[PDB]
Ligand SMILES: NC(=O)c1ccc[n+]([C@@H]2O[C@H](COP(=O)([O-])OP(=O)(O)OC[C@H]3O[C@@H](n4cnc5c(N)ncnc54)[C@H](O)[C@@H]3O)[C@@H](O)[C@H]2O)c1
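A single chain comes next, written as structure tokens; it is the form solved without the ligand.
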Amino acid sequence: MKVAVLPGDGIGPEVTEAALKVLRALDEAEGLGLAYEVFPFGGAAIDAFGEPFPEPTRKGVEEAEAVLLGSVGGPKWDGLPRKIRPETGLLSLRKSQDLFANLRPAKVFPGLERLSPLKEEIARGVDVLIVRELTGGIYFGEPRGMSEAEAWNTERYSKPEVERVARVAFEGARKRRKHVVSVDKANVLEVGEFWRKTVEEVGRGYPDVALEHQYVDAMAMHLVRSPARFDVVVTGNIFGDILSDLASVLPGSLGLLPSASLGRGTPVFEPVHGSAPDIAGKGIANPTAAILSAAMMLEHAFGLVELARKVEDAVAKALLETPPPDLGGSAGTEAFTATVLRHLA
């Protein structure tokens, strides 16, 4: 399995190396035939090549089977031309691979219900995967405009756009608890009804997965009242943008969440947290998100679901045994990693 590693800035190199230690560990244990190469990306790239996404890196992601991203950005590059900002290189990466779906999981690990803003009774068992459509919708819809007296934006969706995001959700659900919930506003909007119709049609080719439909406003209530009753949730751009964020607060710590973007090209797996440059090089950076991105990679890029679950149970234990500083512990990056490996056998 070929993996393109883009460490990035700040704590990127530390947390990414933590994930590689787990991957290499598994490779020796199962002979995965893991082959990887690190490439410049982000600020490091701007400083070394002048562009956040240099061509050798573009070639690297093109030839790779998966991308393990670290963290990009930093105050140092914020005051630069947009076309060359680290954030831009990130957008370019997604375009080059035609990644149309964004996977954002939110789970409350056993024993960590205390961190959730929700009552332990309700926070317990949460394990939801929000699949958000990234390319279409109101964010890119036309016509759009603004004048001194009015403003307009269009929520538009074509059948192919809905069909493809819907497919990654079903395919993604088979790997989990085989239950998908499609969110829309069908009872008021034409786009909603169209979205509902299409997903219901698409589902016919997935008899082993159960499909359910819900209105965005109702789903917002459910995520706070009974988030644990959901598995895979698929929805539009703006709807998925709101819902992903809502669900992300559930665990009570942004530092533990990974994410992935799927499409026609090479998949991208990355931790949701920033680069935290002021902590770079001290150790202490919580590698959880990075290791979980490694797990996401195994599951979605290579189908090694059982191995992904193994790494997941490993970090879960690690969090309780040697809590990272952010969870009130004192275990540095290496310390935490060691514990994870300790449970990877």
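The first residue of the shown sequence is 1; numbering continues from there.
As listed in the deposited structure, the average C-alpha B-factor of 46 to 54 and of 298 to 306 is greater for 46 to 54.
Here the stretch with the larger average CA B-factor, out of 286 to 294 and 66 to 74, is 66 to 74. Set against one another, the Cα B-factors of 267, 110, 255, 203 in the record reach their highest point at 255.
Per the deposited record, 114 carries the highest C-alpha B-factor of all listed residues (167, 273, 174, 114).
Per the PDB record, residue ranking by Cα B-factor puts residue 235 in the lowest third of the chain. Among the modelled residues of its chain, residue 245 has a C-alpha B-factor that falls in the middle third, as given in the PDB entry.
In the PDB entry, a CA B factor belonging to the highest third of its chain's modelled residues is recorded for residue 25. Split the chain's modelled residues into thirds by C-alpha temperature factor. Residue 161 is in the middle one.
The deposited CA B-factor of residue 90 belongs to the highest third of values across its chain.
Separately, the form solved in complex with the ligand exists; it is not shown, and the next lines address it.
Considering the ligand in the deposited complex, the lone stretch of 49 to 57, 297 to 305, 65 to 73, 312 to 320 in range is 65 to 73 [heavy atom distance within 4.5 Å]. The ligand is not drawn, but in the deposited complex it has no heavy atom within 4.5 Å of residue 291. By the criterion of a heavy atom within 4.5 Å, residue 171 is excluded from the residues contacting the ligand in the deposited complex. The ligand is not drawn, but in the deposited complex it has no heavy atom within 4.5 Å of residue 164. Although the partner is absent here, residue 326 is a contact residue: one of its heavy atoms lies within 4.5 angstroms of the ligand in the deposited complex. Proximity to the ligand in the deposited complex, defined as a heavy atom within 4.5 Å, holds among 121, 98, 78, 200 only for 78.
For the options 138, 228, 220, 254, the one in contact with the ligand in the deposited complex, meaning a heavy atom within 4.5 Å, is 254. Of all the residues from 276 to 296, those having a non-hydrogen atom no more than 4.5 Å from the ligand in the deposited complex are 276, 277, 278, 279, 285, 286.
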